[PDB]
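# Turn this into a structure:
(2 chains, ligands or ions: 6)
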Number of protein chains: 2
Amino acid sequence: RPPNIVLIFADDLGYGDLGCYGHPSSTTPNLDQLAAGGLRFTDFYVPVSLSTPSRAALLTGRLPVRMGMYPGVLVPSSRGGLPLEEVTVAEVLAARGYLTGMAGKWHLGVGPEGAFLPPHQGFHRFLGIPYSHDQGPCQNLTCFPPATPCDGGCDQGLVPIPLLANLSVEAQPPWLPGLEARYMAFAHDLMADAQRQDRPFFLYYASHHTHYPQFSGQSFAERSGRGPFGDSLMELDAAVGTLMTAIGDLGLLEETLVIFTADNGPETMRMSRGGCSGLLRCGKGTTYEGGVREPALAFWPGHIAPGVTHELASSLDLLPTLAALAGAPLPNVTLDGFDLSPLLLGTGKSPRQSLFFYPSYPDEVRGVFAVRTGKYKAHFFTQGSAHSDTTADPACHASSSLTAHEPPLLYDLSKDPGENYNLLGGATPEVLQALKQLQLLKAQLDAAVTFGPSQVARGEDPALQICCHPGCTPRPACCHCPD
Amino acid sequence: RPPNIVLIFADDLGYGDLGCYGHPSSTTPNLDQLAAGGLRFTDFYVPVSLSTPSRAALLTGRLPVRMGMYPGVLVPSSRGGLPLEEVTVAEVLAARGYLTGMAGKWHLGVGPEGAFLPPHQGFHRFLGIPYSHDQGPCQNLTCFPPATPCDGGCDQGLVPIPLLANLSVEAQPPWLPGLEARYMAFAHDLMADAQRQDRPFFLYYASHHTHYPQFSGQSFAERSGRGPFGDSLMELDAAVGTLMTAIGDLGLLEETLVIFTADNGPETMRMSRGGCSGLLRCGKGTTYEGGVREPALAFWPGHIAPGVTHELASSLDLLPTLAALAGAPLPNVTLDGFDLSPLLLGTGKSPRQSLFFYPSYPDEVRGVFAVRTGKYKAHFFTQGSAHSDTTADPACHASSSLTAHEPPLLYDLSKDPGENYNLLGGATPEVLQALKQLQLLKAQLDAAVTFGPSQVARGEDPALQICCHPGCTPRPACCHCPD
Ligand SMILES: *[C@@H]1O[C@H](CO)[C@@H](O[C@@H]2O[C@H](CO)[C@@H](O)[C@H](O)[C@H]2NC(C)=O)[C@H](O)[C@H]1NC(C)=O
Ligand SMILES: *[C@@H]1O[C@H](CO)[C@@H](O[C@@H]2O[C@H](CO)[C@@H](O)[C@H](O)[C@H]2NC(C)=O)[C@H](O)[C@H]1NC(C)=O
Ligand SMILES: *[C@H]1O[C@H](CO)[C@@H](O)[C@H](O)[C@H]1NC(C)=O
Ligand SMILES: *[C@H]1O[C@H](CO)[C@@H](O)[C@H](O)[C@H]1NC(C)=O
Ligand SMILES: [Ca+2]
Ligand SMILES: [Ca+2]
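Numbers count the residues shown, from 1 in each chain, chains lettered A, B, ... in the order given. Ligands and ions are numbered 1, 2, ... in the order given. Pasting the structure now:
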């Protein structure tokens, strides 16, 4: 019998946000304990620094550019979404007799009759928002009780964010200070049912947590010490705790594999209400460490030895890793990941020796922007980001345009993870030997990988906006059904 | 019977260097365990971001500007040093019947016949270099065995660094790849003797560790994963381990209070071979968090509850804290510190509510550069530093000259410890109320504190350079006695 997999996927969390990762004020008790009793990756990456592509790669285990999950992210009125031909981790496990279930943010397309929603991609049960919770007007919405409004107002001219239970709207807009509660409930039931069915569950908890606007329940409002972002993180931390408790009460501790990560770097344009990359450079939207290197914590008593690994690993490896643990047959499609089970089980090292990064807006001409092999990371193309704005380092700002590099900026991450000192900026046979390998790795991938038809380029059709009242007037303002 | 105090004082270590503080490659096993089994301060500060003044404040418990320990640091040919009228933590404990002992860097003056050396300031035994180990030519010196030279060559035109055993030279220059060994030996003996004398020991371990040039024994050379700086840190970590072991073998675990800290922020001009402030801003020489906020770890089983405190605390508080634990009578002099024992013993909160910072080169006209109260830190004067050069943020570079601020740059460290978003940059009654308190605190201190006669201004007399061969020729090149 395979393990009970629980894959938590935080939204917009930085490398230096968790308490166990070095943040001064952040309050993350449950996660620190999870990290104290299980593996803690120091070098865990994501292929792209954005929600849509990152999430796409997590579920399919393939590079975003293959399935056309570019450029940028999907909006509510988008026509495209994650192709059904693409097999997700949920589909692979479902066939293995798993009771799959998702709670929260999808952001992988909605389409016509909801053809791109979770139920069609492999999940049995679902409860959550089809996209980023800020992609809908939030002027009237309350982020913190009793009646503290959400700052910014979010995206205007759009239908209020709906809370989809499978394929039907349960609320619109859902009460944010209590949205989290519904997810934990949905989780507990999913696990309980799976237990009394003698069936292994797969809980994909994609939290809206630490993505803007920052929201929380009365139990966390001004209770973190780190303000709005802190309160929102404290809730995410509690959510992990309640899940661990629920699993504990069911006696499934040594029979449950828990994984935690974030989809991309901190949106620093959010300032005091945004994440923190820590020592890493820049954040969301950039190919710098601060935008692609996300935290990670493996937990599974009796199988996962408590420690800290520096082995190379990516979210692209989760599908094969989880498939291997479940004994589930791997798909025919060419996966860009590896089986990290040896690393987790402590029976060997990670197969990951090289990493490839693509920008927010990629293209077949330039190709991969950054490539890492061992401790060396080359930067063939550097670019700033609006998401990485307001910081002290000008290399992150949107002002910094796309610049080419020949030879590429070579960084020894083992001694310079902050990417401040370029080696080629001037050599050493070791460095020179690495340069050649990195330049070849790029060329070999660019030639092999072929960009799939851009889904985001399919266009926007406002008629696709999920409305609570079908055939309503005047849309979209008339689509309501609060709690 | 009072506790066995062991005060470790690292040299040039950053906030984000230790593994338990969030560094990706740093290898610090022993220190992480020390931090896992005892208090870990997230907000621990030092009055000035330089060796001499910082160290002066540690031992005397008073602000560097009072005793004239400015401007900058003391050189080998300096005439001044820490005034004997000033009572150190060693003197207070000595009267309490403590077997005081120091190992390593002094950097608090040498003077004429060594009138400023440890033996005159309160230490019974001593073994270490009278100042920074880079303040002497290191072209021929070996930093890493078998024969890997020290980079940079260090300070030229000076007498090679001597290893002073009390008041007499034991070696000059001492073998660096084995200097650490001598200190640990000296420590073990100090503790053993104190034990068989039924007397409490006071071990002040001022390591040269992580100060340039980076050195290490064969047991750490290319063994840290983080290069030269990593190897040097791994040794410092081992040094802490061997001390813990020695204390363990003597059965003095629950009877020994261990404290770890650094004197100032990371010298970033050293680049890949320098420290790391982490999320904090700038480093050594600046009044920014990265230069004044140092790591800290309290350890004392059965008395120190394992946790992480965010309470305000400074190195200025160590003297009174340690004096209180030892039951030792506090000196008549006005101390700028507080008794942190309640915090350590978990019987209460810290008395520290405000912190004051002075620049590398201070003056009576400008006064304190930065003031902190609770979670707000004002910047009345900002300045860069040559020590903080080569970084990405231009506010740290020496290029950034001393600029005044009215109103001062107000930062809410609880949500913005990185000092990126100025509040007054534009308010909130809370902020406005804090501004007034901070502006008053500055004015009240500037008026009260009177600058003591600048010791570093006393001049340089080359005849004061410690020479192995007295009445030698041709000096200083002729002062030798290796191992
Ligand atoms: C999503 O739809 C499925 C049915 O397609 C729901 O599953 C049933 O849920 C009830 C409890 O509400 C159980 O008693 C049934 O055994 C479930 N059937 C199966 C086949 O699993 C599921 O609850 C729905 N979830 C949401 C959030 O709407
Ligand atoms: C520093 O000087 C003191 C004497 O002033 C030395 O102390 C003696 O050390 C020996 C061992 O070497 C002991 O047997 C004596 O009992 C010690 N006497 C006292 C009064 O403590 C000390 O060893 C010297 N240390 C160095 C490093 O030179
Ligand atoms: C709140 O105001 C916004 C415009 O600021 C509008 O879009 C929304 O419909 C209003 N809703 C309520 C409940 O007042
Ligand atoms: C080594 O060379 C330096 C000059 O580069 C000189 O100061 C020193 O005395 C020399 N020592 C030896 C042992 O060669
Ligand atoms: Ca995201
Ligand atoms: Ca120093």
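
# how about the strands of the stretch 201-350 of chain A, start to end?
A:201-206, A:256-262, A:296-299, A:308-309, A:313-314 (DSSP state E, counting those that start in this stretch).

# any chance of these in CSV, plus mean neighbour count and distance to ligand 2?
From N, CA and C alone the C-beta is placed, and that goes for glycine too. Below are these laid out as CSV (neighbours: other CB atoms under 10 Å in any protein chain shown; distance: least, CB to the nearest ligand atom, whole Å):
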stretch, mean neighbour count, distance to ligand 2
strand A:201-206, 26, 60
strand A:256-262, 25, 51
strand A:296-299, 25, 47
strand A:308-309, 17, 38
strand A:313-314, 28, 49
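
# so which of those comes closest to ligand 5?
Using CB to the ion as the measure, strand A:256-262 is the one of the strands of the stretch 201-350 of chain A that comes nearest ligand 5, at 7.3 Å.

# Mind listing the strands the closest one pairs with, and their directions?
Partner strands and pairing direction for strand A:256-262 (DSSP bridges) are strand A:4-10 (parallel), strand A:296-299 (antiparallel).

# can you list the residues that contact the longest one?
It stands for strand A:4-10. For strand A:4-10, the surrounding residues in contact (CB atoms under 8 Å, 6 or more residues apart in numbering or on different chains) are A:55, A:58, A:89, A:93, A:98, A:191, A:194, A:200-207, A:209-210, A:236, A:240, A:243, A:247, A:252, A:255-263, A:318, A:322, A:325-326.

# now swap in the shortest one and tell me
Identification of contacts with strand A:296-299 by CB under 8 Å, 6+ apart yields A:20, A:31, A:34-35, A:37-41, A:44, A:257-261, A:304, A:313, A:344.

# now residue A:118, nearest residue through space, not along the chain?
Distances taken as CB to CB, 6 or more residues apart in numbering or on different chains put residue A:126 closest to residue A:118, at 4.2 Å, once the chain neighbours are dropped.

# And the helix or strand where the one you found lies, what does it pack against?
Per DSSP states H and E: residue A:126 is located in strand A:125-128. Using 3 or more CB pairs under 8 Å, 6 or more residues apart in numbering or on different chains; DSSP states H and E as the contact test, the elements touching strand A:125-128 are strand A:99-104, strand A:163-165, helix A:179-195.

# chain center to the second one: distance?
On the basis of CA atoms, centre = their mean, to the nearest Å, strand A:163-165 sits 20 Å off its chain's mean C-alpha point.

# How about the contacts made by the residue nearest to residue A:117 when sequence neighbours are not counted?
Take residue A:117 and drop its neighbours on the chain: the residue closest to it by CB to CB, 6+ apart is residue A:167, 5.9 Å away. Taking CB under 8 Å, 6+ apart as the contact definition, residue A:167 lies against A:114, A:117, A:119.

# quick one: residue A:167 and ligand 5, what's the gap?
According to CB to the ion, to the nearest Å, residue A:167 and ligand 5 sit 24 Å apart.

# follow-up on the earlier one: for the strands of the stretch 201-350 of chain A, which one sits closest to residue B:300?
strand A:308-309 (25.6 Å; CB to CB).

# ok, now which ones touch residue A:189?
By CB under 8 Å, 6+ apart, no residues touch residue A:189.

# any idea how far it is from ligand 4?
Distance, residue A:189 to ligand 4, by CB to the nearest ligand atom, to the nearest Å: 76 Å.

# how many neighbours does whichever residue of the stretch 201-350 of chain A sits closest to ligand 3 have?
Here the stretch 201-350 of chain A gets closest to ligand 3 at one residue, residue A:213, 14.8 Å apart by CB to the nearest ligand atom. By the measure other CB atoms under 10 Å in any protein chain shown, the count of residues near residue A:213 is 22.

# Confirm for me that it is in contact with residue A:154.
Yes. Applying CB atoms under 8 Å, one finds residue A:213 in contact with residue A:154, separated by 6.3 Å.

# any common contacting residues for the two?
What both residue A:213 and residue A:154 touch, as defined by CB under 8 Å, 6+ apart, is the set A:134, A:138, A:141.

# Can you report how many residues neighbour the last one?
The one in question is residue A:141. A count of nearby residues for residue A:141, using other CB under 10 Å, gives 23.

# Not counting its neighbours along the chain, what's nearest it?
Counting by CB to CB, 6+ apart, the residue nearest residue A:141 is residue A:150, at 5.0 Å.

# how close does the one you found get to ligand 2?
Distance, residue A:150 to ligand 2, by CB to the nearest ligand atom: 65 Å.

# Domain map for chain A?
Domain ranges of chain A: A:1-352+A:451-482, A:353-450, per curated CATH domains.

# is ligand 5 contacted by the last one?
No. With CB under 5 Å from the ion as the measure, domain A:353-450 is seen stopping short of ligand 5, the closest distance being 9.4 Å.

# is that domain anywhere near chain B?
Yes. Domain A:353-450 reaches chain B (CB under 8 Å from any CB of the partner chain) through A:390-395, A:412-418, A:420-421.

# In strands, which of those fall?
If you go by DSSP state E, those have residue A:412 in strands.

# of all the residues of domain A:353-450 next to chain B, which comes closest to ligand 1?
residue A:390 (38.4 Å).

# burial count for residue A:446?
16.

# Could you give the secondary structure assignment for it?
Three-state call for residue A:446 (DSSP: H, G, I helix; E, B strand; the rest coil): helix.

# what do you get for residue A:356?
From three-state DSSP, the assignment for residue A:356 is strand.

# Identify the residues contacting stretch A:440-456?
Counting by CB under 8 Å, 6+ apart, A:52, A:63, A:65-74, A:78, A:80-83, A:109, A:354, A:356, A:362-364, A:367-368, A:371, A:373, A:378, A:380 sit against stretch A:440-456.

# Distance from that stretch to the middle of the chain?
Offset of stretch A:440-456 from its chain centre (CA atoms, centre = their mean): 22 Å.

# for stretch A:376-396, same thing?
20 Å.

# what do you get for stretch A:260-272?
10 Å.

# just stretch A:21-32 next, same as before
Once both centres are worked out by CA atoms, centre = their mean, stretch A:21-32 turns out to sit 19 Å from its chain's centre.

# Show me what it is in contact with.
Residues from elsewhere that reach stretch A:21-32 (CB under 8 Å, 6+ apart): A:15-20, A:223-226, A:230, A:233-234, A:237-238, A:240-241, A:244, A:260, A:276, A:278, A:295, A:297, B:16, B:21-23, B:42-43, B:278-279, B:310, B:413-415, B:417.

# ok, back up a step: could you identify the buried members of the residues of domain A:353-450 next to chain B?
Buried subset of the residues of domain A:353-450 next to chain B (neighbour count, 16 or more other CB atoms under 10 Å in any protein chain shown): A:390-393, A:395, A:412-418, A:420.

# Narrow the residues you listed to those in helices?
Among these, no member falls in helices (DSSP state H).

# what's the closest of those to residue A:338?
For these, the nearest to residue A:338 is residue A:413 (19.5 Å; CB to CB).

# rewinding a little: would you list the strands of the stretch 201-350 of chain A in CSV and tack on distance to residue A:336?
Converted to CSV, these look like this (distance: least, CB to CB, whole Å):
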stretch, distance to residue A:336
strand A:201-206, 20
strand A:256-262, 17
strand A:296-299, 18
strand A:308-309, 21
strand A:313-314, 8
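
# what's the closest of these to ligand 4?
Smallest distance to ligand 4 across the strands of the stretch 201-350 of chain A (CB to the nearest ligand atom): 42.4 Å, for strand A:308-309.

# Run through the neighbouring helices and strands of the closest one.
strand A:40-41.

# what's the helix or strand just after the strand it packs on in contact with?
Downstream of strand A:40-41, the first helix or strand assigned by DSSP H and E is strand A:44-45. Around strand A:44-45, the neighbours that count as contacts under CB under 8 Å, 6+ apart are A:261, A:292-296, A:312-315, A:355, A:357, A:372.

# again, only this time at 7 Å
Strand A:44-45 has contacts (CB atoms under 7 Å, 6 or more residues apart in numbering or on different chains) with A:261, A:292-296, A:313-314, A:355.

# and if you look at stretch A:374-381?
By CB under 7 Å, 6+ apart, stretch A:374-381 touches A:353, A:366, A:369-371, A:402, A:404-405, A:408-414, A:434, A:438, A:442.
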